[PDB]
Every structure is written in C-alpha cells, then in structure tokens.
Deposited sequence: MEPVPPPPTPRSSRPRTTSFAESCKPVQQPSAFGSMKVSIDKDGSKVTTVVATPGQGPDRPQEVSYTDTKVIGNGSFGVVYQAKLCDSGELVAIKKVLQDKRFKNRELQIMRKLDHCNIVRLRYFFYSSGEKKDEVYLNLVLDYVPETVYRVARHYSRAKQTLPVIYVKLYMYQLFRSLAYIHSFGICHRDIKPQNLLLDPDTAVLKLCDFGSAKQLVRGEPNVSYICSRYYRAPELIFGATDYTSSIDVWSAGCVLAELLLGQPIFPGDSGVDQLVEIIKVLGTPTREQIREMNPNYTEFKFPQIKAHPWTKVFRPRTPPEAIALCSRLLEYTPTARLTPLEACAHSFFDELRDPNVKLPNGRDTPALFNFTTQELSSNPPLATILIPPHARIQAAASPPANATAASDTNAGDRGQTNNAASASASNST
C-alpha cells in the first residue's frame, strides 16, 4: 500500500526519480533505485508502460504502472516473483506509488527493456517479401519452448503467446517471453475463463469457450508462431471464430466426432472438409522437419500435442545441437543446454537428447 518517491532536478538538469523498491527475486531487501529519461512507450490495457534509464548503470528498463486493487493480491506480480529463467523477461524490482491524485495506488513493475520483438522482425521481413533465415526460426522457437517447459513445470500457463510477446536481443539472439498479465496457474478441477488468448493464436478448444483447458494451449499458440515465421503470415486468420475454424479445418482436416466433443462441451453441431496435405501449405524449399514439428504442435486433441520439452528435443532443432553452429554474425549462440532439474521434471530421460555430447565435456 505505501512508500514514497522523490524528484530531484540534476546539474544538467534532467528529472531524476528515486524510489525505494523491492527486489524481484531475492528476499525483501529494499533498494534505492534512481532513474531518468522517462518516456511513454506503450500503453497497456490496465495502465501504462514507460521506458527509463537507471542513473548509475545507465541500463535502460521498462516500468509497467498498473492500477492496484487494494482489496486483493496481484496475480501478475505473484507469478513474476516465482520465475527465474534466461528466456523469461526479468522483474528487477517492484514498488507501489500513487498515481493519480487519488485514493488509488499504482503497482509499478521494473523490467529488462528489450526493443525488438518477434512481431517486428517477422513483419520487417514480410514487408520486404523475404523469408527469415531458418536459423533464427530455430533459435527463437527453441528458446520459447524452453520458457514454456519452465513455466509449465510450475503449472503456470501464459495464455497469451504471440509474437509481440517474444522479445529479442538483436546481437545475442536471445528471446525473452514477456507479458504475464493473462497467466494463471491451472488447477485441474478449477475452471478458467475462455476469452484469454489473442486472435490468431487461440487453440480450437478456446475458440469454443472450453473452461477445462490445459497448458497445451500455449503449445498450440507456439505452433501458430512457428508456422507464421515459415509462412510470413498468420496461418489461421479470421475476424471471427468461425472464420478461424474454417482455416484450421482447411489444414488439419475435419475433426473427428470425438475430437469435436473434446473441444465443444455441448458434441455438438456446422463446417466439414478433409485433411490437408500439410506440405502443400508452405513455400517449396521449407524444411520437412519444420513442417513435421508444426503438425505435432497443431493437433486438435490437446494431449496429442508435444510438450514444450518434447518440441525442444525435435529433429528441426538438431542444427542448434551442432557444436560448430554459430549465429550469422559469427558470435556463439546463446546458452541452450544449461537445463535445470526443474526444467526437465516433465520428463528427465529427455536430457539424453536435449544435451549434446559436446555440451557435457
């Protein structure tokens, strides 16, 4: 509820804001953090998003101001405090302040500022009528699956996987999953809203307001991003659920009676067609292993889909396990192999493939 912040004008003199903030991870050992160059860069649904500079290190950061319900505990924050992973945006600090000349208090989350996103990259290439080199597709997709394997291991579903939510460092090629505002920890037995995911990336079972859904929704969504990188445009577009199910059906074929029961909780019910050759979908020199990956991620039945961890171990990623592999700009790839026990808990025998001979030495 409380804590103050102060506003000194410098020798230059820039506006400097100094707050007393809690660390993301670690114990409650509050810290004086001081920043300047405050600009609005996004404005999210629930409040606003600024960029700023830390006065000492000079590093840029992002600050997400959100209205705070005095009544209850904040679900985004509580999750962001649990999570610690090289492919997940980091919560450096949080604190409470007052906007906005009122009774109301705002929660501010201080985060790694990353300018680039998969969205913007994919689009740049798409505008130029070009294809993103497969090697970035492998990098980016693989790293996303790590983040999913990790959060899922705690029973947390992101619920909002899309390209705008995958941040990239341009030089390193590191991907950090961001925006955990829809994430929730799923308890089997307890139901969930069905209107959570964004429009190109919703799993068929969501499109039918299922509320008993599992974490595999993130895998569907992730399969959508992969395909989009391959195709240079969304695979399942439509302004309407109906429109989107048409597209899906066009590619997967006609859901079986039983499958249609899995998703729609009623069977029941208006479209019909037969199974698309998956290979007719992509450009002709598209890697067959990529197409396989897609089909195993974009399954009607939720349990038929690969787990994140299994996708990480898929053929299409063999090139990242190569010891010689480097980025186009000839730096090394990011760390792709320092798996934790947590990260492999879904299925530990997979480390066998995930961790290449060379990485053990």
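Student: Relative to the deposited sequence, which regions have no modelled C-alpha positions in the structure?
Tutor: No coordinates exist for the deposited residues in 1-31, 298, 302, 395-430, so these stretches are absent from the model.
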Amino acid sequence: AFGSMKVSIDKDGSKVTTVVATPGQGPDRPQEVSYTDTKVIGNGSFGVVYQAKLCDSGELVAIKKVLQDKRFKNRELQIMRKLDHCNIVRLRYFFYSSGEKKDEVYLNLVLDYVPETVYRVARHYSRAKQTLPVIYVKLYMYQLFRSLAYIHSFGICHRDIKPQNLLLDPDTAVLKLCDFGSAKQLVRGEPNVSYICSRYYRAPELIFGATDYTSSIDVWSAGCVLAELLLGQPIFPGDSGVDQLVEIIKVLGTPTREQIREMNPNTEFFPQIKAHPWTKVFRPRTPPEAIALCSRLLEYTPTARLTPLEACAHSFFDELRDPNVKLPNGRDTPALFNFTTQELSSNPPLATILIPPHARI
From here on, numbers count along this sequence of modelled residues.
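Student: Between 270-278 and 178-186, which has the higher average C-alpha B-factor in the PDB entry?
Tutor: The stretch with the larger average C-alpha B-factor is 270-278.
Student: Name the higher of the two by mean Cα B-factor in the PDB entry, 307-315 versus 54-62.
Tutor: Per the deposited B-factors, the answer is 54-62.
Student: Going by the CA temperature factor in the entry, name the top one among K70, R296, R321, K326.
Tutor: Within the set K70, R296, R321, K326, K70 shows the top C-alpha B-factor.
Student: Using the temperature factors in the entry, find which of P234, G209, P284, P204 has the highest value at its Cα atom.
Tutor: Comparing C-alpha B-factors across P234, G209, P284, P204, the maximum falls on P284.
Student: Going by the entry, which third of its chain does the Cα temperature factor of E258 land in?
Tutor: For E258, whose C-alpha B-factor we compare with every modelled residue in the chain, the answer is the highest third.
Student: Would the CA B-factor of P265 place it in the lowest, middle or highest third of its chain?
Tutor: For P265, whose C-alpha B-factor we compare with every modelled residue in the chain, the answer is the highest third.
Student: Could you look up the Cα B-factor of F145 in the entry and say which third of the chain it sits in: lowest, middle or highest?
Tutor: As the PDB entry reports it, the C-alpha B-factor of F145 lands in the lowest third of its chain.
Student: Could you say whether, by C-alpha temperature factor, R75 belongs to the lowest, middle or highest third of its chain?
Tutor: Middle third.
Student: Comparing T301 with the other modelled residues of its chain, is its CA B-factor in the lowest, middle or highest third?
Tutor: Its C-alpha B-factor belongs to the lowest third of this chain's values.
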